[PDB]
Each structure stands twice: as structure tokens, then as C-alpha cells.
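A.B. asks: Below is a structure I'd like to ask you about.
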Amino acid sequence: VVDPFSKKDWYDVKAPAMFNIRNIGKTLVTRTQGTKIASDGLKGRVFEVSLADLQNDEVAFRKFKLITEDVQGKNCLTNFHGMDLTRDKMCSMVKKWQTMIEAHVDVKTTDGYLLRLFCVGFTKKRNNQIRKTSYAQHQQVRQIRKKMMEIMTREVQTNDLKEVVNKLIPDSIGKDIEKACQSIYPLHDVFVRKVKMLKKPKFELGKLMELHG
Amino acid sequence: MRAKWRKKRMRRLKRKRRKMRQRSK
Amino acid sequence: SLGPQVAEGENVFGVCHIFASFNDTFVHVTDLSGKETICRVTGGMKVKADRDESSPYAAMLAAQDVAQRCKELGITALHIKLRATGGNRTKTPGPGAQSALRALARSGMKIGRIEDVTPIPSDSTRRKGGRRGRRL
Amino acid sequence: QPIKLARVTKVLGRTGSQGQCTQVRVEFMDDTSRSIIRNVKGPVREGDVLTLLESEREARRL
Amino acid sequence: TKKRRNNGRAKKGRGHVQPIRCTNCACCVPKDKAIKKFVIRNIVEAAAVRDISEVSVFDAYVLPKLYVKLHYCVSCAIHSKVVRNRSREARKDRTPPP
RNA sequence: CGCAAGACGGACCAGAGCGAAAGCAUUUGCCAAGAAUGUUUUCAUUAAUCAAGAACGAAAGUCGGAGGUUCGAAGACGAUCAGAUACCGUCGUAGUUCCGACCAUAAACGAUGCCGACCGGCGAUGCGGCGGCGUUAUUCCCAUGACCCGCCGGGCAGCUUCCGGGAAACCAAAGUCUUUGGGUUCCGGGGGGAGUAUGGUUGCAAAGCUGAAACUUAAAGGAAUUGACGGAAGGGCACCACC
RNA sequence: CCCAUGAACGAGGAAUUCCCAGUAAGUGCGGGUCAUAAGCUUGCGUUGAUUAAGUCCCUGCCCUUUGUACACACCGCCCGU
């Protein structure tokens with residue numbers, strides 16, 4: 001005998017300053033009615049945001065998980081929680097008659113963020129190649145995987161969240177692997193396919209307000 | 001009669017013969 | 001039931017998790033999050049007959065009822081997350097998928113980005129039905 | 001939605017379970033450069049006008 | 001009488017491959033034995049792409065595809081008319097139909 | 001959103017590789033092993049096949065622990081049906097997973113023992129080596145990768161052929177067979193009875209290996225051809241079909 | 001033949017037949033039968049349409065490929081208590 005959506009306040013969602021297009025959308029919460037607080041029950045919502053919505057003019061297939069780390073007031077301030085690939089793109093890349101190569105790196109940034117980057121790579125049929133197969137040797141594959149693991153530790157351990165995400169928005173890690181591995185086996189469709197959030201440090205609001213200018 | 005189920009019936013029949021020969025020992 | 005955003009320019013996006021099994025179809029609009037649901041309707045809610053819970057008509061009625069309840073709370077657009085049963089079972093969306101998606105397009109709503117979110121395993125547990133399978 | 005008229009420019013085949021429907025290439029005589037394929041009951045020849053109660057369906061070809 | 005030279009499967013120097021579960025039934029089929037399709041498919045067929053293009057928020061949005069790999073048992077495949085009985089000469093053609 | 005446990009390693013994944021076979025598919029490290037190629041290295045007949053004897057041996061099954069996610073014999077229930085101790089469905093114990101011991105069997109198949117020689121062709125492919133215009137990466141060239149073009153050896157195979165063989169299907173081996181002899185092991189002798197009885201032996205058990213006879217019977221069977229039929233696929237026709 | 005009596009039947013359930021042009025259907029008249037004789041049949045005109053110029057959906061038939069332990073041939077063959 002009562003409309004439950006009459007008790008909801010539509011709070012706006014803000015992306016950090018490393019993205020061009022600012023606001024993502026809105027998200028309704030219940031008003032602080034008794035013990036439960038809006039802000040406390042709102043502080044763990046994950047937004048799967050296509051990068052073409054979030055950046056002005058980039059590829060659309062990349063997605064960014066964004067948790068509402070803190071709420072200022074009518075503003076869900078978000079922080080990075082994991083890059084992902086649209087399975088449309090991920091499946092599209094995996095075709096027969098070539099070697100799929102993957103490499104995961106359990107890594108830590110300068111500040112207390114622990115990531116789990118997942119690289120992917122596909123051996124390229126050359127311009128003059130008549131042979132259908134286009135496969136790599138097992139030692140060629142694990143030389144590539146060793147390079148992938150080296151390059152991803154190199155481009156995460158030296159810099160912070162904001163700079164590695166500005167390396168994730170282009171294919172700075174993916175294109176560097178694609179360059180470095182030409183001498184081993186020329187592979188073409190080389191991306192970081194997923195980043196996963198494992199540890200964050202104790203929350204500082206000064207750190208998040210530096211992420212939001 | 002499938003040759004597998006023939007082999008199953010001959011095993012049960014043997015298993016009853018070993019059960020009935022044992023009771024004189 | 002008011003999204004207090006500006007009159008014209010800006011759109012109130014949501015996301016509908018369209019779960020199309022072969023023996024039922026769900027149309028489930030949520031907020032950008034997914035954690036706060038706006039409206040949910042299945043096929044078996046609309047049809048008084050157990051055999052055609054997954055029928056494309058049940059999914060059409062479902063999507064129309066959602067898109068009506070969705071326009072009330074002030075949601076203009078929808079992202080889509082199409083889902084099939086998945087796991088060890090079938091990874092094709094059921095016959096209510098295309099009817100429900102077409103229906104809410106026809107029923108006024110705007111369409112953002114579409115993707116499959118089907119639970120595809122690396123390799124799951126042993127699938128139901130025996131060695132010799134589902135004989136009929 | 002309005003009730004529109006379309007002219008049969010080509011009668012493609014005979015579809016339907018009992019072959020009871022001509023499948024027809026129709027040209028919209030309002031928007032004179034828009035054409036769709038469309039199922040029709042009864043005897044149809046080239047250059048007779050169909051009354052469409054909606055102009056947004058399109059039949060699946062033979 | 002030996003009907004197929006390969007024995008209807010594609011192992012020559014193994015003696016065992018892993019069983020896949022048939023997608024239609026749940027039948028356990030040797031991987032090499034199974035009749036495999038790779039269905040790329042647009043999430044909407046023909047009638048709904050007309051509607052999405054008009055009710056899309058975006059500027060000439062290319063629609064996403066749904067990448068299934070179907071594994072069939074021989075019985076499911078023939079019943080569902082994926083494969084088909086052929087003449088003893090025409091059986092030997094390994095060319096996929098156009 | 002998380003958290004936990006236990007299974008399993010999709011897509012890449014192939015008439016691809018490796019392994020004596022059973023079998024083997026996430027990453028990284030360690031531990032020993034192995035084929036093939038390369039060799040103007042060494043020993044110098046050390047070999048091939050094998051009664052006895054020995055190692056390994058899918059799944060199921062057994063005994064003692066650890067674990068129990070899913071699936072699931074038995075079981076209970078709901079359906080179908082005339083009945084339905086089936087097929088379908090909801091649950092569901094043993095089991096399925098791990099360690100330690102058994103077990104020793106599979107349509108364990110290539111239904112094709114191993115070693116050796118000889119006898120057409122062609123395109124591929126996997127591994128190693130060798131040679132060759134040219135593109136390409138390390139750019140700063142060297143030499144290595146990625147391709148391309150050939151050669152050689154060994155490998156899984158493939159296509160073609162009046163080698164030749166075969167009852168034929170078919171087979172570069174199932175050929176070199178009445179023009180019959182390269183070496184060697186196992187094994188068959190019409191169909192049943194019967195892999196039964198009985199004795200031995202192995203096993204905790206289930207069962208394994210070895211293994212008859214009386215009696216019974218004119219066929220059982222193999223390949224191929226023509227028909228008929230099909231609840232297999234496709235094509236065509238008819239107001240004694242339909243619309 | 002005459003007078004008289006004046007029942008059901010208010011367009012037909014499941015199912016099913018025949019038919020595309022002078023056709024269907026309406027309508028009578030001949031022939032066969034016939035001593036007596038048409039609710040039948042076989043012919044003839046007369047009046048004269050609806051719909052369709054298609055398909056393999058149903059029902060049959062015929063193909064081609066396929067499988068077979070069938071061959072007086074699926075009403076076949078055949079297994080166990």
C-alpha cells in the first residue's frame with residue numbers, strides 16, 4: 001500500500017580526472033531511514049563503463065569497472081577497480097590456425113595498489129605467407145610470455161594508479177609488447193585483456209580529491 | 001540375447017553355483 | 001519516482017539484464033550499477049500457461065511492461081546485457097531474447113551498448129544427463 | 001501509423017505452407033525510391049497497388 | 001565392412017582424445033569425433049536491427065556479435081540436419097559446402 | 001558486492017605433437033628421461049624375435065584414510081503407457097576427487113605382431129639439418145627470429161594410379177604367392193554346447209588366467225549385387241492430395 | 001389415380017466426398033431393366049456460376065542417395081522368462 005521508489009534520491013556519478021567525459025550516469029539509493037545510511041550502502045557499487053562513453057574519442061570495446069570509493073554530496077566519486085574487454089572483441093580475436101599467447105602478472109604500483117594484469121597475443125600470418133598454419137614453437141611462445149611479464153612489471157612498478165590507467169586508455173603496454181616480440185614471433189592483436197584489483201590501502205580522501213582534480 | 005547380458009547371466013549362475021558348492025565345505 | 005536531471009539534452013541511462021533461457025525469459029532493468037533494480041518482469045508472470053513461459057510473445061509483453069514501468073521512474077535509455085543459461089549448459093540465448101530487445105526498442109526506450117554477459121566457463125563441473133546423454 | 005500504398009514492381013516466387021502467398025517486390029509510390037519484399041494473398045500480377053496497414057514489416061525471401 | 005577409412009573421426013597417432021559434451025544432448029563425444037560449427041551471429045536478426053538503428057543513442061552504432069562454438073554428437077547433428085548421409089563416392093569429399 | 005570449498009582446464013585445439021601401450025592440454029620452477037636430425041666421434045657384431053619370468057596397464061569394482069562441488073548406479077517420488085521395476089523430470093547413497101594398497105580386464109581397434117630388403121607418382125604437414133632471389137623485426141649491421149623457394153633424413157597422415165594383391169570392400173601394403181622358402185613370436189580349423197563343467201592357480205572380494213567332454217546341428221558366416229522396406233536425407237507429381 | 005390423414009425435418013456432431021469451363025450445381029428428357037416399371041445406372045440437352053493457373057502442408061504414388069540380420073520381402077525378421 002506504498003510506492004518504495006518514492007523513498008529514493010538519484011545521486012550523480014563522477015569519473016576521476018584521468019578521463020575526458022566527466023559524469024557517467026545516475027543511481028537511485030534509499031534515504032537514510034533508520035540505522036542504514038545511503039552513503040555507506042552506496043560505497044560499493046561497480047559501474048561497467050565502456051571507454052568510448054568515458055573518453056572523448058577512443059575504442060569502445062574496452063570497459064572500466066569503477067567503485068564509488070566515497071560520496072561528497074549528490075556526487076558518487078569513483079576510483080579504478082579493473083579494466084575488462086567486451087567478450088564481443090575477446091571472442092572476435094580468438095580464431096583458428098594461429099597461436100593464442102597469454103601472460104598474467106600479479107604486480108604492485110608505487111602506492112599500495114596491487115593489480116593482476118592479463119595480456120593476450122595472436123601470431124600473425126605474414127604478407128607473403130602461403131602456409132595456412134601460422135603457429136609458434138613452445139620456446140618462442142614462452143619467450144613472448146616472459147617478455148609480456150617483463151614489460152607489464154616495467155610499466156606498473158615504476159608509476160602510480162593514474163599513470164598506468166593513462167597507459168591503459170591507449171594500448172601503450174599492448175603496442176610495446178607487439179613491438180618488442182617482433183624479433184621472437186610477429187603477433188598482431190596484442191592487448192591487455194583484463195586488469196583486476198586485489199589490494200587497496202586505507203582510504204585517504206585527499207588522495208581521491210587529487211584523483212578528482 | 002545381447003552377448004554382454006548372456007555373459008552377465010552366466011556369471012550370476014556361476015556365482016549361485018559357488019554359493020551352493022561352498023555349503024558342503 | 002523522479003530523476004531530477006535537466007529537461008531535454010541529458011538521458012537517464014539504465015541497464016536491462018535480458019536472461020533468455022529455453023524454458024523462461026527475464027527482462028530486468030537496473031541502474032548503471034546493477035546493485036539497485038528498477039523493474040523486473042519474466043515470461044511466466046505475463047502468460048497463464050507453463051509451456052510458453054519462454055515464448056517470444058511472453059518476452060514481448062514482459063519488455064513492454066518493463067519499458068512502461070521504466071518510463072514512469074524517468075529512465076529514457078538502456079544499456080543491454082544479454083544472457084543465456086550458460087555454465088555447463090547451453091550458451092545460445094533462448095527465443096525470448098530478440099523479441100524482448102525489439103519490444104522495448106518499439107516501446108519508446110533508447111538503446112545504448114549491447115553485450116553478451118553469459119556465464120562461459122574456462123571449464124565447469126560435469127553437465128547434467130548421463131554418459132549417453134538425454135535419450136528421446 | 002498511416003495506411004500507405006505500394007506498387008508491385010516484381011512478383012518473385014510463391015511461398016506459404018500450401019504455396020498460397022505470392023512473395024512480391026513492392027515499390028512505395030509515396031517515397032518513390034524505397035522498396036521491400038512482402039508476402040501477399042490472392043492472385044498478384046506486376047503493377048497492381050497493395051494497401052499496407054503498416055509499411056515496416058519485410059518478408060523473408062525464398 | 002569398414003565404411004569410413006578414418007573411422008569417422010580425426011585421430012591418426014593418439015589412441016585417446018578427451019570427451020566433449022554434445023550441446024543439444026549431453027552425450028560424451030571424442031573431440032575429433034564431434035561435428036563442430038563456429039556460429040558468428042548478430043544479436044538481432046533482420047526485423048530488430050531496423051528498430052535498434054532508429055532507437056540507438058549513438059552515431060551509426062555497429063552491432064555486437066555472439067560467438068558460439070557448437071559441438072554435436074553424430075545423432076544430434078543428423079537429426080538437427082547439420083550433417084547428412086552422402087553417396088559412398090561423395091562421402092570422400094572433405095570440402096565444406098559453399 | 002563479497003567469501004568458501006571441491007571439481008575441470010573451454011575458445012586457441014588441428015586427420016597437429018609426445019608417449020611401449022594405457023594415456024597426455026592454465027603459468028612458473030626443479031628433477032631425471034626420450035625420439036629425430038648433425039657428426040671425417042667412439043666400441044666393433046655387441047644383433048632380430050622370443051617358452052619361463054618381469055614392468056606398466058582406460059573405466060568400473062575392492063580395502064584403509066582425507067575430502068565431498070558437480071554429476072550419479074541403487075533408492076524414493078512425479079510423468080508417459082494397457083503395463084513402463086525404461087527412455088523424460090525433481091531429489092538422491094555407493095561412486096565420481098586425493099593418498100596408500102589391491103584388481104589385470106575394454107570394440108585395450110589401425111579389429112592389421114615385430115625386424116629387414118625391394119617396388120609408381122604428387123601436394124602438404126611436424127621435427128632436425130643444408131642451400132638459395134627477395135620482404136620483415138632487433139636498427140647501427142652482424143647473426144638470429146617471422147615469411148618465401150628448394151634439398152636431405154626420420155614422423156602422423158593425405159590424394160592419385162591397370163605396380164601388384166584380394167571373395168570383394170578395398171590395400172604403396174593387406175604388394176614382391178602354385179613363378180609358392182628373408183628372420184622370428186603368438187594364434188585359427190564348420191555352427192552351437194561354452195569360455196560352460198571340472199581340476200589347478202591368482203585375488204579380501206568381485207572375478208582373472210588355464211580349460212574340456214557328452215550332446216546337438218547343414219549350415220552359421222564374410223564381401224558385394226538386385227529388389228522390398230524404413231518412424232533416414234533430398235527431389236518430383238495428382239482436386240481418386242492439399243490451398 | 002381420387003379424397004382423407006399431415007410424422008420427423010428450423011441447414012446437420014466428429015469425420016468425409018466430388019469438382020476448375022459450357023465445368024460444378026440446378027433442371028428435365030431418352031437408352032438399359034421393362035407383361036407391369038426408375039428414388040439406379042448409362043447417355044442428352046437446358047440454365048449456368050464461385051474460386052484457382054498454385055504448392056508438397058496433409059493423403060497417396062514415383063524417383064535419387066542412404067541403412068538393413070528383410071527376400072511369398074515390415075502382416076518381414078526375431079529375442080528371453
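In the C-alpha cells, each chain is lettered A, B, ... as it comes, each chain's residues begin at 1, and ligands are numbered from 1 in order of appearance.
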Give me the residues within 7 Å of segment 137-142 of chain A as a short mmCIF file (atom, residue, chain, number, x, y, z; two decimals) with N, CA, C and O atoms, in the first residue's frame, counting only C-alpha atoms (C1' of nucleotides) and dropping any in the same chain fewer than 6 places off.
C.D. replies:
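Result went into around33.cif, see below:
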data_model
loop_
_atom_site.label_atom_id
_atom_site.label_comp_id
_atom_site.auth_asym_id
_atom_site.auth_seq_id
_atom_site.Cartn_x
_atom_site.Cartn_y
_atom_site.Cartn_z
N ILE A 101 48.48 -16.55 -27.17
CA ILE A 101 49.52 -16.44 -26.11
C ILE A 101 49.00 -15.49 -25.02
O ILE A 101 48.56 -14.39 -25.37
N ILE A 184 60.94 -12.24 -31.92
CA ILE A 184 60.61 -13.64 -31.50
C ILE A 184 59.61 -14.22 -32.51
O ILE A 184 60.03 -15.04 -33.35
N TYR A 185 58.34 -13.81 -32.43
CA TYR A 185 57.29 -14.13 -33.43
C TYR A 185 56.42 -12.90 -33.64
O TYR A 185 55.89 -12.36 -32.68
#
A.B. asks: Within 10 Å of residue 6 of chain A, counting only C-alpha atoms (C1' of nucleotides), which residues qualify if same-chain residues fewer than 5 places away don't, as a list in words?
C.D. replies: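 In the requested form, the answer reads residues 30 and 31 of chain A; 1, 2 and 73 of chain C.
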A.B. asks: Quick one: write out the picked residues with C-alpha atoms as an mmCIF file, in the first residue's frame?
C.D. replies:
data_model
loop_
_atom_site.group_PDB
_atom_site.id
_atom_site.type_symbol
_atom_site.label_atom_id
_atom_site.label_comp_id
_atom_site.auth_asym_id
_atom_site.auth_seq_id
_atom_site.Cartn_x
_atom_site.Cartn_y
_atom_site.Cartn_z
ATOM 1 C CA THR A 30 17.126 4.794 -0.276
ATOM 2 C CA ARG A 31 17.124 7.908 2.024
ATOM 3 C CA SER C 1 9.882 8.357 -8.869
ATOM 4 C CA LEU C 2 11.674 11.467 -10.339
ATOM 5 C CA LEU C 73 10.600 6.493 -12.944
#
A.B. asks: Write out as a VMD selection string the residues lying within 12 Å of segment 90-94 of chain C, counting only C-alpha atoms (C1' of nucleotides) and excluding same-chain residues fewer than 2 positions away.
C.D. replies: (chain C and resid 18 to 26 43 53 to 56 59 81 to 88 96 to 101 116 to 121 127 to 128) or (chain E and resid 21 to 26 39 to 44 66 to 71) or (chain F and resid 10)
A.B. asks: Within 12 Å of chain C, which residues belong to chain A? Use only C-alpha atoms and report them as a PyMOL selection string.
C.D. replies: chain A and resi 3-13+23-30+41-53+60-63+65-68+74+76+78+85-91
A.B. asks: Rounded to one decimal in Å, what is the spacing between atom CA of residue 51 of chain D and atom CA of residue 53 of chain E?
C.D. replies: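 Interatomic distance, atom CA of residue 51 of chain D to atom CA of residue 53 of chain E: 26.4 Å.
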A.B. asks: I'd like the interatomic distance between atom CA of residue 23 of chain D and atom CA of residue 37 of chain D, to a tenth of an Å.
C.D. replies: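 Interatomic distance here is 6.9 Å.
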A.B. asks: Compute the set of chain A residues within 7 Å of chain F, using only C-alpha atoms (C1' of nucleotides), and express it as a ChimeraX atom specification.
C.D. replies: /A:44,94,96,99-100,126,128-129,182-186
A.B. asks: Write the residues you've just listed into a file as a PDB file, in the first residue's frame, and include N, CA and C atoms for each of them.
C.D. replies:
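Full text of out_32.pdb as output:
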ATOM      1  N   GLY A  44      29.928   0.791  -2.477  1.00  0.00           N
ATOM      2  CA  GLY A  44      30.443  -0.448  -3.097  1.00  0.00           C
ATOM      3  C   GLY A  44      29.765  -0.798  -4.412  1.00  0.00           C
ATOM      4  N   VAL A  94      40.028 -14.389 -31.062  1.00  0.00           N
ATOM      5  CA  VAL A  94      40.400 -15.836 -30.992  1.00  0.00           C
ATOM      6  C   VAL A  94      39.850 -16.543 -32.231  1.00  0.00           C
ATOM      7  N   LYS A  96      41.028 -19.668 -35.373  1.00  0.00           N
ATOM      8  CA  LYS A  96      41.814 -20.914 -35.557  1.00  0.00           C
ATOM      9  C   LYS A  96      43.006 -20.618 -36.471  1.00  0.00           C
ATOM     10  N   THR A  99      48.546 -19.179 -33.074  1.00  0.00           N
ATOM     11  CA  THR A  99      48.851 -19.459 -31.645  1.00  0.00           C
ATOM     12  C   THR A  99      48.355 -18.295 -30.783  1.00  0.00           C
ATOM     13  N   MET A 100      47.442 -18.579 -29.852  1.00  0.00           N
ATOM     14  CA  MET A 100      46.994 -17.646 -28.786  1.00  0.00           C
ATOM     15  C   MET A 100      48.012 -17.711 -27.642  1.00  0.00           C
ATOM     16  N   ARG A 126      51.920 -13.740 -42.199  1.00  0.00           N
ATOM     17  CA  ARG A 126      52.714 -12.665 -42.858  1.00  0.00           C
ATOM     18  C   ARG A 126      52.136 -12.350 -44.242  1.00  0.00           C
ATOM     19  N   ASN A 128      53.357 -12.265 -47.318  1.00  0.00           N
ATOM     20  CA  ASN A 128      53.734 -13.180 -48.432  1.00  0.00           C
ATOM     21  C   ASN A 128      53.513 -14.649 -48.036  1.00  0.00           C
ATOM     22  N   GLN A 129      52.982 -14.918 -46.835  1.00  0.00           N
ATOM     23  CA  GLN A 129      52.847 -16.293 -46.269  1.00  0.00           C
ATOM     24  C   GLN A 129      51.800 -17.072 -47.068  1.00  0.00           C
ATOM     25  N   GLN A 182      58.358  -8.810 -32.019  1.00  0.00           N
ATOM     26  CA  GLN A 182      58.524  -8.979 -33.492  1.00  0.00           C
ATOM     27  C   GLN A 182      59.743  -9.865 -33.788  1.00  0.00           C
ATOM     28  N   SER A 183      60.834  -9.691 -33.033  1.00  0.00           N
ATOM     29  CA  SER A 183      62.106 -10.455 -33.161  1.00  0.00           C
ATOM     30  C   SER A 183      61.897 -11.934 -32.804  1.00  0.00           C
ATOM     31  N   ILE A 184      60.944 -12.244 -31.918  1.00  0.00           N
ATOM     32  CA  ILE A 184      60.609 -13.638 -31.497  1.00  0.00           C
ATOM     33  C   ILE A 184      59.609 -14.218 -32.507  1.00  0.00           C
ATOM     34  N   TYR A 185      58.336 -13.812 -32.432  1.00  0.00           N
ATOM     35  CA  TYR A 185      57.285 -14.133 -33.432  1.00  0.00           C
ATOM     36  C   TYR A 185      56.415 -12.899 -33.644  1.00  0.00           C
ATOM     37  N   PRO A 186      56.243 -12.406 -34.893  1.00  0.00           N
ATOM     38  CA  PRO A 186      55.364 -11.264 -35.142  1.00  0.00           C
ATOM     39  C   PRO A 186      53.909 -11.642 -34.828  1.00  0.00           C
TER      40      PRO A 186
END
A.B. asks: Please identify which residues in chain E DSSP calls strand (DSSP E) from the backbone, and express them as a compact mmCIF listing (two decimals) with N, CA, C and O atoms, in the first residue's frame.
C.D. replies:
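Saved to selection.txt:
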# COMPACT_ATOMS: atom_id res chain seq x y z
N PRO E 19 36.76 -36.42 -24.10
CA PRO E 19 35.35 -36.29 -24.49
C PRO E 19 34.84 -34.86 -24.25
O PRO E 19 35.07 -34.33 -23.18
N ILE E 20 34.19 -34.29 -25.27
CA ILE E 20 33.34 -33.07 -25.17
C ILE E 20 31.92 -33.53 -24.86
O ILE E 20 31.58 -34.65 -25.27
N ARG E 21 31.12 -32.69 -24.19
CA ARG E 21 29.66 -32.90 -24.02
C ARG E 21 28.93 -32.21 -25.18
O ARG E 21 29.05 -30.97 -25.30
N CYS E 28 28.64 -37.65 -24.35
CA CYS E 28 30.13 -37.56 -24.36
C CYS E 28 30.63 -38.06 -25.72
O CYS E 28 30.40 -39.24 -26.03
N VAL E 29 31.25 -37.17 -26.50
CA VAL E 29 31.78 -37.42 -27.87
C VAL E 29 33.27 -37.13 -27.85
O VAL E 29 33.69 -36.10 -27.33
N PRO E 30 34.13 -38.01 -28.42
CA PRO E 30 35.54 -37.66 -28.61
C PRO E 30 35.64 -36.33 -29.38
O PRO E 30 34.87 -36.13 -30.30
N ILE E 35 31.05 -33.26 -34.46
CA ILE E 35 30.77 -32.32 -35.58
C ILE E 35 30.69 -30.91 -34.99
O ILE E 35 29.73 -30.64 -34.24
N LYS E 36 31.66 -30.06 -35.34
CA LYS E 36 31.85 -28.72 -34.73
C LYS E 36 31.49 -27.64 -35.75
O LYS E 36 32.00 -27.71 -36.88
N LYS E 37 30.61 -26.71 -35.35
CA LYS E 37 30.33 -25.43 -36.05
C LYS E 37 30.87 -24.28 -35.21
O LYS E 37 30.88 -24.42 -33.97
N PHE E 38 31.28 -23.19 -35.86
CA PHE E 38 31.60 -21.89 -35.21
C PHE E 38 30.60 -20.85 -35.72
O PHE E 38 30.84 -20.25 -36.79
N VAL E 39 29.51 -20.66 -34.98
CA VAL E 39 28.42 -19.71 -35.33
C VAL E 39 28.79 -18.32 -34.80
O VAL E 39 28.67 -18.09 -33.58
N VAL E 68 29.46 -18.34 -30.56
CA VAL E 68 29.30 -19.72 -30.02
C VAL E 68 30.18 -20.66 -30.84
O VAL E 68 30.37 -20.38 -32.05
N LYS E 69 30.70 -21.71 -30.21
CA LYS E 69 31.23 -22.92 -30.88
C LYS E 69 30.37 -24.11 -30.46
O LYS E 69 30.47 -24.53 -29.30
N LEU E 70 29.53 -24.61 -31.38
CA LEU E 70 28.62 -25.76 -31.16
C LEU E 70 29.39 -27.07 -31.40
O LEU E 70 29.99 -27.20 -32.48
N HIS E 71 29.36 -27.97 -30.42
CA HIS E 71 29.83 -29.37 -30.52
C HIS E 71 28.60 -30.28 -30.56
O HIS E 71 27.78 -30.18 -29.62
N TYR E 72 28.46 -31.11 -31.59
CA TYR E 72 27.33 -32.06 -31.76
C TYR E 72 27.84 -33.50 -31.68
O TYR E 72 28.95 -33.77 -32.15
A.B. asks: Counting only C-alpha atoms (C1' of nucleotides), which residues of chain E sit at most 7 Å from some atom of chain F, and what is each one's closest atom pair with its distance in Å to one decimal, listed by chain and rising residue number, as a tab-separated table?
C.D. replies:
residue	atom	partner	partner_atom	distance
E:1	CA	F:169	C1'	6.6
E:10	CA	F:15	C1'	4.3
E:11	CA	F:15	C1'	6.1
E:12	CA	F:156	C1'	6.3
E:13	CA	F:156	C1'	5.6
E:16	CA	F:23	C1'	6.8
E:84	CA	F:233	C1'	6.4
E:85	CA	F:233	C1'	6.3
A.B. asks: Chain E residues within 9 Å of chain D, counting only C-alpha atoms: which ones, as a PyMOL selection string?
C.D. replies: chain E and resi 46-47+50
A.B. asks: Mind checking DSSP for chain E and telling me the helix (DSSP H, G or I) residues as a PyMOL selection string?
C.D. replies: chain E and resi 49-55+74-79+90-92
A.B. asks: Residues of chain B within 10 Å of chain F, counting only C-alpha atoms (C1' of nucleotides), what are they? List them as a count of residues only.
C.D. replies: 4
